[PDB]
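Chemist: Provided below: upload_26.cif, containing mmCIF, C-alpha atoms and all ligand atoms.
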```cif
data_data
loop_
_atom_site.group_PDB
_atom_site.id
_atom_site.type_symbol
_atom_site.label_atom_id
_atom_site.label_comp_id
_atom_site.auth_asym_id
_atom_site.auth_seq_id
_atom_site.Cartn_x
_atom_site.Cartn_y
_atom_site.Cartn_z
ATOM 1 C CA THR W 129 -9.564 0.992 37.591
ATOM 2 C CA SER W 130 -7.922 -2.435 37.406
ATOM 3 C CA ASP W 131 -5.296 -3.158 34.761
ATOM 4 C CA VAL W 132 -6.398 -6.831 35.041
ATOM 5 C CA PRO W 133 -9.875 -7.524 33.603
ATOM 6 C CA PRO W 134 -12.347 -9.997 35.090
ATOM 7 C CA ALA W 135 -11.418 -13.697 34.806
ATOM 8 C CA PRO W 136 -12.986 -15.779 32.022
ATOM 9 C CA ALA W 137 -16.182 -17.447 33.184
ATOM 10 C CA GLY W 138 -15.161 -20.774 34.654
ATOM 11 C CA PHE W 139 -11.508 -19.774 35.257
ATOM 12 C CA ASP W 140 -9.603 -22.421 37.205
ATOM 13 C CA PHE W 141 -8.428 -20.455 40.219
ATOM 14 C CA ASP W 142 -6.879 -23.540 41.851
ATOM 15 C CA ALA W 143 -4.570 -24.132 38.890
ATOM 16 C CA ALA W 144 -3.815 -20.393 38.771
ATOM 17 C CA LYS W 145 -2.726 -20.405 42.425
ATOM 18 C CA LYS W 146 -0.327 -23.256 41.670
ATOM 19 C CA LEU W 147 1.223 -21.226 38.851
ATOM 20 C CA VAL W 148 1.578 -18.167 41.130
ATOM 21 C CA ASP W 149 3.282 -20.409 43.684
ATOM 22 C CA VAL W 150 5.739 -21.702 41.079
ATOM 23 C CA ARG W 151 6.540 -18.394 39.363
ATOM 24 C CA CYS W 152 6.493 -15.922 42.255
ATOM 25 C CA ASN W 153 8.674 -17.793 44.773
ATOM 26 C CA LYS W 154 11.813 -18.339 42.695
ATOM 27 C CA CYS W 155 13.814 -15.152 43.353
ATOM 28 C CA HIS W 156 12.132 -14.121 46.581
ATOM 29 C CA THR W 157 9.182 -15.480 48.498
ATOM 30 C CA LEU W 158 5.850 -13.953 47.613
ATOM 31 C CA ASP W 159 5.361 -13.648 51.398
ATOM 32 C CA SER W 160 8.327 -11.259 51.637
ATOM 33 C CA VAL W 161 6.614 -8.739 49.337
ATOM 34 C CA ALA W 162 2.952 -9.545 50.111
ATOM 35 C CA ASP W 163 2.071 -6.493 52.187
ATOM 36 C CA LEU W 164 3.765 -4.185 49.709
ATOM 37 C CA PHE W 165 2.060 -5.991 46.847
ATOM 38 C CA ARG W 166 -1.384 -5.440 48.376
ATOM 39 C CA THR W 167 -0.909 -1.766 49.259
ATOM 40 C CA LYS W 168 1.189 -0.569 46.316
ATOM 41 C CA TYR W 169 -0.162 -2.648 43.428
ATOM 42 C CA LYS W 170 -3.404 -4.465 44.215
ATOM 43 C CA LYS W 171 -5.124 -1.528 45.951
ATOM 44 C CA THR W 172 -4.093 0.809 43.114
ATOM 45 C CA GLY W 173 -5.234 -1.507 40.280
ATOM 46 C CA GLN W 174 -1.687 -2.028 39.031
ATOM 47 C CA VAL W 175 -1.327 -5.825 39.364
ATOM 48 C CA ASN W 176 -0.440 -6.289 35.685
ATOM 49 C CA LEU W 177 2.167 -3.534 35.966
ATOM 50 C CA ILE W 178 4.143 -5.394 38.599
ATOM 51 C CA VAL W 179 3.662 -8.893 37.069
ATOM 52 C CA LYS W 180 4.967 -7.624 33.725
ATOM 53 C CA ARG W 181 7.950 -5.973 35.462
ATOM 54 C CA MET W 182 8.836 -9.296 37.079
ATOM 55 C CA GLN W 183 8.368 -11.075 33.764
ATOM 56 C CA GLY W 184 10.911 -8.779 32.134
ATOM 57 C CA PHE W 185 13.646 -9.618 34.658
ATOM 58 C CA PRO W 186 16.295 -12.097 33.442
ATOM 59 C CA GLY W 187 15.514 -15.700 34.378
ATOM 60 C CA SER W 188 11.901 -14.988 35.377
ATOM 61 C CA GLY W 189 10.655 -17.945 33.274
ATOM 62 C CA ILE W 190 7.270 -16.124 33.033
ATOM 63 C CA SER W 191 5.510 -16.445 29.695
ATOM 64 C CA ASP W 192 2.871 -13.997 28.450
ATOM 65 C CA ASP W 193 0.217 -16.606 29.270
ATOM 66 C CA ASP W 194 1.675 -17.139 32.739
ATOM 67 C CA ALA W 195 1.491 -13.372 33.306
ATOM 68 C CA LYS W 196 -2.201 -13.322 32.356
ATOM 69 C CA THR W 197 -3.057 -16.210 34.706
ATOM 70 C CA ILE W 198 -0.976 -14.858 37.561
ATOM 71 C CA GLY W 199 -2.444 -11.361 37.265
ATOM 72 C CA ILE W 200 -5.993 -12.691 37.367
ATOM 73 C CA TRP W 201 -5.340 -14.786 40.477
ATOM 74 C CA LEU W 202 -3.458 -12.040 42.323
ATOM 75 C CA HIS W 203 -6.120 -9.475 41.403
ATOM 76 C CA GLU W 204 -9.120 -11.621 42.429
ATOM 77 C CA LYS W 205 -7.830 -13.839 45.253
ATOM 78 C CA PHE W 206 -4.602 -12.652 46.908
HETATM 79 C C1 LIG U 1 13.663 -13.365 38.152
HETATM 80 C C2 LIG U 1 13.531 -13.117 39.675
HETATM 81 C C3 LIG U 1 12.101 -12.731 40.119
HETATM 82 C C4 LIG U 1 10.923 -13.365 39.916
HETATM 83 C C5 LIG U 1 10.672 -14.723 39.253
HETATM 84 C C6 LIG U 1 9.897 -12.595 40.563
HETATM 85 N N1 LIG U 1 10.472 -11.481 41.135
HETATM 86 FE FE1 LIG U 1 9.515 -10.086 42.258
HETATM 87 N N2 LIG U 1 11.288 -9.090 42.549
HETATM 88 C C7 LIG U 1 12.499 -9.453 41.981
HETATM 89 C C8 LIG U 1 13.512 -8.492 42.339
HETATM 90 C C9 LIG U 1 14.960 -8.555 41.886
HETATM 91 C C10 LIG U 1 12.819 -7.493 43.185
HETATM 92 C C11 LIG U 1 13.462 -6.261 43.824
HETATM 93 C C12 LIG U 1 13.581 -5.128 42.811
HETATM 94 C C13 LIG U 1 12.215 -4.578 42.531
HETATM 95 O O1 LIG U 1 11.574 -4.032 43.462
HETATM 96 O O2 LIG U 1 11.761 -4.722 41.369
HETATM 97 C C14 LIG U 1 11.450 -7.918 43.272
HETATM 98 C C15 LIG U 1 10.456 -7.292 43.966
HETATM 99 C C16 LIG U 1 9.125 -7.593 43.969
HETATM 100 C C17 LIG U 1 8.090 -6.803 44.600
HETATM 101 C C18 LIG U 1 8.339 -5.489 45.362
HETATM 102 C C19 LIG U 1 8.303 -4.326 44.374
HETATM 103 C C20 LIG U 1 8.368 -2.999 45.075
HETATM 104 O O3 LIG U 1 7.697 -2.063 44.606
HETATM 105 O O4 LIG U 1 9.083 -2.873 46.093
HETATM 106 C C21 LIG U 1 6.919 -7.420 44.354
HETATM 107 C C22 LIG U 1 5.499 -7.023 44.802
HETATM 108 C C23 LIG U 1 7.193 -8.615 43.599
HETATM 109 N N3 LIG U 1 8.554 -8.690 43.347
HETATM 110 C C24 LIG U 1 6.246 -9.520 43.177
HETATM 111 C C25 LIG U 1 6.504 -10.623 42.397
HETATM 112 C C26 LIG U 1 5.496 -11.479 41.818
HETATM 113 C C27 LIG U 1 3.986 -11.238 42.027
HETATM 114 C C28 LIG U 1 6.141 -12.407 41.092
HETATM 115 C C29 LIG U 1 5.616 -13.528 40.191
HETATM 116 C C30 LIG U 1 4.938 -12.880 38.955
HETATM 117 C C31 LIG U 1 7.554 -12.177 41.189
HETATM 118 N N4 LIG U 1 7.749 -11.078 41.996
HETATM 119 C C32 LIG U 1 8.560 -12.904 40.597
HETATM 120 C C33 LIG U 1 12.721 -10.569 41.218
HETATM 121 C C34 LIG U 1 11.817 -11.523 40.848
HETATM 122 NA NA NA U 2 14.734 -17.528 51.051
#
```
How does this structure look as structure tokens?

Modeler:
Amino acid sequence: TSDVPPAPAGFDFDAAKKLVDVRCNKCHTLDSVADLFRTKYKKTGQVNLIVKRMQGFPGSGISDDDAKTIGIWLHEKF
């Protein structure tokens, strides 16, 4: 099952995508890991696992709230 639950009703996916773009292109492009992300993490319901790993890296600048938003968008839209 997914480690990211369904978005709150009325979730702003457009704003969430902007936050993904800001947070997940700083150290590497999201594009450079996109295929791997989909097969290894999204397909296996482990989106939160990888987002939290990235958050824990030095200089990630990812807050707990950012991680929630980013996980929802990656899980539902990426
Ligand atoms: C602080 C720098 C940094 C930020 C910000 C960052 N990453 Fe990473 N990312 C890394 C490093 C370093 C690696 C290579 C080591 C590894 O695989 O964990 C990596 C690798 C990855 C991988 C490949 C993991 C694998 O199994 O090979 C994925 C997917 C990924 N990042 C997704 C993301 C997403 C999604 C975000 C935004 C939440 C993000 N990254 C933000 C540093 C960062
Ligand atoms: Na680059």

Chemist: For residue 201 in chain W, which residue out of W:145, W:157, W:167, W:173 is the nearest one, using all atoms listed in the file?

Modeler: W:145

Chemist: What does the structure give for the distance between atom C28 of ligand LIG 1 (chain U) and CA of residue 138 in chain W, in Å to one decimal?

Modeler: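 One can read the atom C28 of ligand LIG 1 (chain U) to CA of residue 138 in chain W distance as 23.8 Å.
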
Chemist: Please return as a VMD selection string every residue within 10 Å of (0.6, -11.6, 33.4), taking into account only C-alpha atoms and the file's own coordinates.

Modeler: chain W and resid 132 175 to 183 190 to 202

Chemist: Write out as a Markdown table the residues of chain W that have any atom within 12 Å of an atom of ligand NA 2 (chain U), one row each with the nearest atom pair and its distance in Å to one decimal, counting only C-alpha atoms and all ligand atoms, sorted by chain and then rising number.

Modeler:
```
| residue | atom | partner | partner_atom | distance |
| --- | --- | --- | --- | --- |
| W:153 | CA | U:NA2 | NA | 8.7 |
| W:154 | CA | U:NA2 | NA | 8.9 |
| W:155 | CA | U:NA2 | NA | 8.1 |
| W:156 | CA | U:NA2 | NA | 6.2 |
| W:157 | CA | U:NA2 | NA | 6.4 |
| W:158 | CA | U:NA2 | NA | 10.2 |
| W:159 | CA | U:NA2 | NA | 10.2 |
| W:160 | CA | U:NA2 | NA | 9.0 |
```

Chemist: Quick check, in Å to one decimal: how far apart do atom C16 of ligand LIG 1 (chain U) and CA of residue 161 in chain W lie?

Modeler: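 Those two atoms sit 6.0 Å apart.
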
Chemist: Skip residue 134 in chain W itself and residues of its chain fewer than 4 positions away, then list as a list in words all residues within 10 Å of it, counting only C-alpha atoms.

Modeler: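 Here the answer would be residues 130, 139, 200, 203 and 204 of chain W.
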
Chemist: Can you measure atom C11 of ligand LIG 1 (chain U) to CA of residue 151 in chain W for me? One decimal in Å is fine.

Modeler: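 Computing it gives 14.7 Å between the two atoms.
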
Chemist: Could you put an axis-aligned box around every listed atom of range 168-177 of chain W, padded by 4 Å on each side, and send me its centre and edge lengths in Å to one decimal, as AutoDock Vina command-line options?

Modeler:
```
--center_x -1.5 --center_y -2.7 --center_z 41.0 --size_x 15.4 --size_y 15.1 --size_z 18.6
```

Chemist: Tell me which of W:141, W:174, W:206, W:165 sits closest to ligand LIG 1 (chain U), counting all atoms listed in the file.

Modeler: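 Closest candidate: W:165.
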
Chemist: Kindly indicate which residue among W:205, W:137, W:164, W:143 lies nearest to ligand LIG 1 (chain U), using only C-alpha atoms and all ligand atoms for the distances.

Modeler: W:164

Chemist: May I ask which of the residues W:172, W:189, W:166, W:152 is the closest one to ligand LIG 1 (chain U), counting only C-alpha atoms and all ligand atoms?

Modeler: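 Nearest to ligand LIG 1 (chain U): W:152.
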
Chemist: Which residue out of W:135, W:162, W:150, W:144 has the minimum interatomic distance to residue 188 in chain W when all atoms listed in the file are used?

Modeler: W:150
